[PDB]
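Structure record follows, encoded as structure tokens.
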There are 2 protein chains.
Amino acid sequence: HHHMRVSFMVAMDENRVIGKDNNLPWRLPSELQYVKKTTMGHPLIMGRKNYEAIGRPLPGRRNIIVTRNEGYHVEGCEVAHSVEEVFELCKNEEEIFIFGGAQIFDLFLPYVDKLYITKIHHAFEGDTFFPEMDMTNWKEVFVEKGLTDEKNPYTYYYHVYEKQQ
Amino acid sequence: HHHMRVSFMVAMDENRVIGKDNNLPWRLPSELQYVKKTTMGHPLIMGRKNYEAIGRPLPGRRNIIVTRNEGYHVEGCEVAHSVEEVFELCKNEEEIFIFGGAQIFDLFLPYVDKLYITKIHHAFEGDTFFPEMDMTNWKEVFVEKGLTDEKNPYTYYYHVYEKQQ
Ligand SMILES: NC(=O)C1=CN([C@@H]2O[C@H](COP(=O)(O)OP(=O)(O)OC[C@H]3O[C@@H](n4cnc5c(N)ncnc54)[C@H](OP(=O)(O)O)[C@@H]3O)[C@@H](O)[C@H]2O)C=CC1
Ligand SMILES: NC(=O)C1=CN([C@@H]2O[C@H](COP(=O)(O)OP(=O)(O)OC[C@H]3O[C@@H](n4cnc5c(N)ncnc54)[C@H](OP(=O)(O)O)[C@@H]3O)[C@@H](O)[C@H]2O)C=CC1
Ligand SMILES: CCc1nc(N)nc(N)c1C#CCc1cc(OC)c(OC)c(OC)c1
Ligand SMILES: CCc1nc(N)nc(N)c1C#CCc1cc(OC)c(OC)c(OC)c1
């Protein structure tokens, strides 16, 4: 019914942790640069909580914020209130990026075609998690080691998966 | 259609720069040693402009120069004029190395199975670039930090990717 590619863009740790105290648990600017490169020119779909922590519209991409608040407005951003409204807004898009956080990852989980997932080899203290996924009918199409140096203090890998059927 | 493994051998910077003023933009003897080690005993496929800058046949390898010049000859070197002519000359080879530069990298890009790519963590002035690549269905099978010392003044990593399908 929807015809834009639904992609998940996420970074998580050994226990699926993605967030702590309404923020990121880790500082990895190189991972952020990979994120910016991959998502450039494509809509970003983010939950209200995810967006507000970010604070600003992210440049070179349609910023779409998901909230139940029927009177929510932010300048230079579009607002959706459901999965379907997002699909309407993105009717003609090539590929959209579900950008988090957990509640929004849950929301769109039945619709994911492609998963860009960064795996961090460390056990962080956290309160927000990426939901479990049945990977049957999923094929790993890409994997590479992330940059570990003095500015990026963890070991991590970029993985990309595509759904077969 | 062809049966030899087609490998790319390339060193590039943060912006895909591979050349400046028909030469290399950096001096990195250690990276040269890695190159000589990995390519030894295998054919080198070089664009005419790449070859002439080098100046001499490289020992222990078949040197194959790619040119449109139907009357071009160099002693101790073989001359091809097309992708297919290279494939003919290399029909029995296990693995051939596409050695550059840009025009020759473009030429063979549809056929690459393996990528040996050094990434240099510096932004050089340059005029020649390694083409963009869709890494879908490629997996990184090797990564290691290059030697940084007084004789090799940059930060760089050796990467190897293999095509899955
Ligand atoms: N490391 C990573 O890859 C990522 C981590 N994060 C982290 O995750 C955390 C944020 O995630 P989380 O707390 O789950 O919050 P979310 O980003 O998922 O936002 C939650 C909000 O989304 C809206 N919402 C949820 N469901 C619906 C629905 N069905 N219909 C309409 N609107 C809905 C609600 O907005 P409202 O209340 O206004 O109605 C809700 O409060 C932070 O810690 C953040 O840093 C976020 C993205 C990526
Ligand atoms: N850092 C690295 O990994 C590498 C960098 N380099 C750098 O790259 C630069 C050179 O690259 P570039 O300028 O692209 O030159 P090339 O090495 O690609 O040589 C170009 C020549 O190849 C021949 N050629 C191109 N297309 C075809 C074709 N379709 N059929 C037959 N022959 C063809 C032509 O020769 P003709 O004119 O005779 O007809 C053309 O002039 C230099 O600066 C060099 O130092 C080179 C290799 C590796
Ligand atoms: C951890 C990164 C990240 N990586 C990947 N692979 N996917 C994602 N979806 C996100 C994400 C996210 C949320 C996010 C992004 C940000 O920069 C744009 C933030 O600003 C610094 C931010 O501050 C609170 C929060
Ligand atoms: C930068 C090295 C290099 N590294 C990698 N990883 N791949 C490559 N394909 C090349 C290359 C190249 C071209 C090249 C080679 C040379 O020595 C053999 C050169 O002599 C000093 C040279 O001078 C004009 C030019």
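Scheme for the structure tokens: letters A, B, ... for chains in order shown; per-chain residue numbers from 1; ligand numbers from 1 in order shown.
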
Exercise. Excluding region 101-112 of chain B and residues on its chain fewer than 2 positions from it, collect all residues at most 9 Å away from it, counting only C-alpha atoms, and give them as a VMD selection string.
Key: chain B and resid 5 to 8 10 18 to 19 45 to 51 66 82 to 83 98 to 99 114 to 115 128 to 131 133 163

Could you write those residues out with N, CA, C and O atoms, as a CSV table (one decimal), in the first residue's frame?
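The resulting file, result_29.csv, is shown below:
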chain,number,residue,atom,x,y,z
B,5,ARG,N,39.4,-13.2,-10.9
B,5,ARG,CA,38.9,-12.2,-9.9
B,5,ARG,C,39.4,-10.8,-10.2
B,5,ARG,O,40.6,-10.6,-10.4
B,6,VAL,N,38.5,-9.9,-10.3
B,6,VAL,CA,38.8,-8.5,-10.7
B,6,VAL,C,38.9,-7.7,-9.4
B,6,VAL,O,37.9,-7.4,-8.7
B,7,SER,N,40.1,-7.3,-9.0
B,7,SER,CA,40.3,-6.6,-7.8
B,7,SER,C,40.7,-5.1,-8.0
B,7,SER,O,41.4,-4.9,-9.0
B,8,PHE,N,40.3,-4.2,-7.2
B,8,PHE,CA,40.7,-2.8,-7.3
B,8,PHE,C,41.8,-2.6,-6.2
B,8,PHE,O,41.6,-3.1,-5.1
B,10,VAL,N,43.6,0.6,-4.5
B,10,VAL,CA,43.5,2.1,-4.5
B,10,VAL,C,43.8,2.7,-3.1
B,10,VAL,O,43.4,2.0,-2.1
B,18,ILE,N,42.6,10.9,-5.2
B,18,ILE,CA,43.7,9.9,-5.5
B,18,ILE,C,44.9,10.5,-6.2
B,18,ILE,O,45.9,9.9,-6.3
B,19,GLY,N,44.7,11.7,-6.8
B,19,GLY,CA,45.8,12.3,-7.5
B,19,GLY,C,45.8,13.8,-7.6
B,19,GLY,O,44.7,14.5,-7.5
B,45,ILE,N,46.8,-3.7,-13.9
B,45,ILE,CA,46.1,-3.0,-15.0
B,45,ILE,C,46.1,-1.5,-14.8
B,45,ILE,O,45.6,-1.0,-13.8
B,46,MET,N,46.8,-0.8,-15.7
B,46,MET,CA,47.1,0.6,-15.5
B,46,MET,C,46.6,1.5,-16.7
B,46,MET,O,46.9,1.1,-17.8
B,47,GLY,N,46.0,2.6,-16.4
B,47,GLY,CA,45.6,3.5,-17.4
B,47,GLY,C,46.9,4.1,-18.0
B,47,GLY,O,47.9,4.2,-17.3
B,48,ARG,N,46.9,4.5,-19.2
B,48,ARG,CA,48.2,5.0,-19.9
B,48,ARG,C,48.8,6.2,-19.0
B,48,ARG,O,50.0,6.2,-18.8
B,49,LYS,N,48.0,7.1,-18.5
B,49,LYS,CA,48.5,8.2,-17.8
B,49,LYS,C,49.0,7.8,-16.4
B,49,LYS,O,50.1,8.3,-16.0
B,50,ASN,N,48.4,6.8,-15.8
B,50,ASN,CA,48.9,6.2,-14.6
B,50,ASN,C,50.3,5.6,-14.9
B,50,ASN,O,51.2,6.0,-14.2
B,51,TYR,N,50.4,4.8,-16.0
B,51,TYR,CA,51.7,4.2,-16.2
B,51,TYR,C,52.8,5.1,-16.5
B,51,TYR,O,53.9,4.9,-15.9
B,66,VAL,N,46.4,0.4,-20.4
B,66,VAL,CA,45.2,0.6,-21.1
B,66,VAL,C,45.2,2.0,-21.8
B,66,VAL,O,45.3,3.0,-21.2
B,82,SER,N,40.9,-2.1,-24.5
B,82,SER,CA,39.5,-2.2,-24.0
B,82,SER,C,39.4,-3.2,-22.8
B,82,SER,O,40.3,-4.0,-22.6
B,83,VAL,N,38.3,-3.1,-22.1
B,83,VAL,CA,38.0,-4.0,-21.0
B,83,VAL,C,38.2,-5.5,-21.5
B,83,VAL,O,38.8,-6.3,-20.9
B,98,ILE,N,43.3,-4.0,-10.8
B,98,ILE,CA,43.0,-2.7,-11.4
B,98,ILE,C,43.7,-1.6,-10.5
B,98,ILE,O,43.4,-1.5,-9.3
B,99,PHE,N,44.7,-0.9,-11.1
B,99,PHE,CA,45.7,-0.2,-10.4
B,99,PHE,C,45.5,1.3,-10.6
B,99,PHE,O,46.3,2.1,-10.0
B,114,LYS,N,36.4,-7.5,-5.7
B,114,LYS,CA,37.2,-7.3,-4.5
B,114,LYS,C,37.8,-5.9,-4.5
B,114,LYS,O,38.3,-5.4,-5.5
B,115,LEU,N,37.7,-5.2,-3.3
B,115,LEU,CA,38.3,-3.9,-3.2
B,115,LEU,C,39.3,-3.8,-2.1
B,115,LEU,O,39.0,-3.9,-0.9
B,128,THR,N,42.0,14.5,-9.1
B,128,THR,CA,41.6,13.2,-9.5
B,128,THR,C,40.9,12.4,-8.4
B,128,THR,O,41.5,12.3,-7.3
B,129,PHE,N,39.8,11.7,-8.7
B,129,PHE,CA,39.0,11.1,-7.6
B,129,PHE,C,38.6,9.7,-7.9
B,129,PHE,O,38.5,9.3,-9.1
B,130,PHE,N,38.5,8.9,-6.8
B,130,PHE,CA,38.0,7.5,-6.9
B,130,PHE,C,36.5,7.6,-7.0
B,130,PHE,O,35.9,8.3,-6.2
B,131,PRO,N,35.9,6.9,-8.0
B,131,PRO,CA,34.4,7.0,-8.2
B,131,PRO,C,33.6,6.5,-7.0
B,131,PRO,O,34.1,5.6,-6.2
B,133,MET,N,30.9,4.4,-4.9
B,133,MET,CA,30.5,3.0,-5.0
B,133,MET,C,29.3,2.6,-4.1
B,133,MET,O,29.3,3.0,-3.0
B,163,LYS,N,32.6,-8.6,-2.7
B,163,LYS,CA,31.3,-8.6,-3.3
B,163,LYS,C,30.6,-9.9,-2.9
B,163,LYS,O,31.2,-11.0,-3.1

Exercise. Can you pull out every residue within 9 Å of region 135-140 of chain A, counting only C-alpha atoms, but drop anything in the same chain fewer than 2 positions away, and send it as a PyMOL selection string?
Key: (chain A and resi 113-114+133+142-143+159-165) or (chain B and resi 137+139)

Practice problem: Could the residues that lie within 8 Å of ligand 3, counting only C-alpha atoms and all ligand atoms, be listed as a PyMOL selection string? | Solution: chain A and resi 8-12+18+22-24+26-28+31-32+34-36+50-51+53-55+58+98-101+116-118

Practice problem: Compare A:68, A:145, A:151, A:20 by their minimum atom-to-atom distance to chain B, counting only C-alpha atoms, and give me the closest one. | Solution: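 That would be A:145, the residue with the smallest distance to chain B.
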
Exercise. Counting only C-alpha atoms, figure out which residue out of A:70, A:149, A:144, A:134 gets nearest to chain B.
Key: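 Closest to chain B, using only C-alpha atoms: A:144.
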
Quiz prompt | Which of region 39-109 of chain A fall in strand (DSSP E or B), as a list in words | solution =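 Of region 39-109 of chain A, only residues 44, 45, 46, 47, 63, 64, 65, 66, 78, 79, 80, 95, 96, 97, 98, 99 and 100 of chain A fall in strand (DSSP E or B).
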
Output of the above residues as a CSV table (one decimal), in the first residue's frame, restricted to C-alpha atoms:
chain,number,residue,atom,x,y,z
A,44,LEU,CA,13.7,11.8,8.9
A,45,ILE,CA,10.8,10.4,10.9
A,46,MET,CA,11.3,11.1,14.6
A,47,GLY,CA,9.2,10.7,17.8
A,63,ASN,CA,12.0,16.6,9.4
A,64,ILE,CA,8.8,14.8,10.3
A,65,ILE,CA,7.8,14.7,14.0
A,66,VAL,CA,5.3,12.1,15.3
A,78,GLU,CA,6.3,18.8,9.4
A,79,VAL,CA,4.0,17.1,12.0
A,80,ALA,CA,2.3,13.7,11.6
A,95,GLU,CA,13.2,6.1,1.0
A,96,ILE,CA,12.3,7.4,4.4
A,97,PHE,CA,14.4,6.9,7.6
A,98,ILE,CA,12.7,6.0,10.9
A,99,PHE,CA,15.0,7.8,13.2
A,100,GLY,CA,13.7,6.8,16.7

Quiz item: Hey, which of B:146, B:88, B:141, B:152 ends up closest to chain A? Count only C-alpha atoms.
Solution: B:141

Quiz prompt | For ligand 4, the nearest of the candidates B:87, B:15, B:73, B:120, counting only C-alpha atoms and all ligand atoms | solution =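 Once distances to ligand 4 are computed over only C-alpha atoms and all ligand atoms, the minimum belongs to B:120.
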
Quiz item: Neighbours of residue 61 (chain A) within 6 Å (only C-alpha atoms; same-chain residues fewer than 2 positions away dropped), as a list in words?
Solution: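 My list of contacting residues is residues 41, 42, 43 and 59 of chain A.
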
For those residues, write N, CA, C and O atoms to a file as a short mmCIF file (atom, residue, chain, number, x, y, z; two decimals), in the first residue's frame.
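Okay, out.cif is ready:
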data_model
loop_
_atom_site.label_atom_id
_atom_site.label_comp_id
_atom_site.auth_asym_id
_atom_site.auth_seq_id
_atom_site.Cartn_x
_atom_site.Cartn_y
_atom_site.Cartn_z
N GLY A 41 19.32 14.03 2.15
CA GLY A 41 18.36 14.08 1.06
C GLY A 41 17.12 13.20 1.24
O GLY A 41 16.35 13.04 0.30
N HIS A 42 16.93 12.64 2.44
CA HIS A 42 15.79 11.75 2.72
C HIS A 42 15.02 12.15 3.98
O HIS A 42 15.63 12.61 4.95
N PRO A 43 13.68 11.97 3.99
CA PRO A 43 12.94 12.36 5.20
C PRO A 43 13.40 11.63 6.45
O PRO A 43 13.70 10.43 6.41
N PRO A 59 19.43 19.78 8.85
CA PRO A 59 19.50 20.35 7.49
C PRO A 59 19.55 19.30 6.37
O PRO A 59 20.02 18.18 6.59
#

Practice problem: Just the alpha helix (DSSP H) stuff from region 4-155 of chain B, please, per backbone DSSP, written as number ranges by chain. | Solution: B: 29-39, 48-54, 83-89, 102-108
